[PDB]
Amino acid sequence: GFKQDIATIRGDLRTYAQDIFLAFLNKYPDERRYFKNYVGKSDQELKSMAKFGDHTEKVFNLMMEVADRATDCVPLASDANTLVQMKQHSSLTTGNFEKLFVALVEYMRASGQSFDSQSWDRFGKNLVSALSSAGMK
């Protein structure tokens, strides 16, 4: 289920974080603009780079903490509020996060592993509706 998925992801956080983030960028290439440091670089160029790995690690670590504090895939308001009020997210809209979760769910469905893909879809929808409530456009 969802809790075991969080354990799987956490067990190999840097690998899953990199692979899902690159799935996102490659599915929605206009999103790369938000990451000036990653423009014009292959997946392997990025996987060799400690700072790309460090970035993806820190993002997915917080995503797993939000997921683990959720009840029935409903995230905490306080956690949606952290994500809206981070300086780093000042330019973003809920569509940026929707696209990340579509990529994550597609990644999980394509994986061959027994991820609870539908729970991640519901988590992402519930997180988008919480970001909107906390004032994201």
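We call the rigid core whatever largest set of C-alpha positions still superposes within 1.5 Å between the two forms. Numbers follow the displayed sequence, beginning with 1.
In summary, of the stretches 87-95 and 45-53, 45-53 shows the greater Cα distance from the shown form in 6 other deposited structures of this protein, with structures fitted on the rigid core. Farther on average from this form in 6 other deposited structures of this protein lies stretch 36-44, the comparison being between 65-73 and 36-44 by RMS Cα distance after core superposition. Between 101-109 and 39-47, the higher mean Cα B-factor belongs to 39-47.
Comparing 78-86 with 57-65, the stretch with the higher mean C-alpha B-factor in the PDB entry is 78-86. Looking only at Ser91, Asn26, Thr71, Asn96, the residue with the top Cα B factor in the deposited structure is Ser91. Residue-level temperature factors show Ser119 in the lowest third of its chain, judged at the C-alpha atom. The deposited CA B-factor of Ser129 belongs to the highest third of values across its chain.
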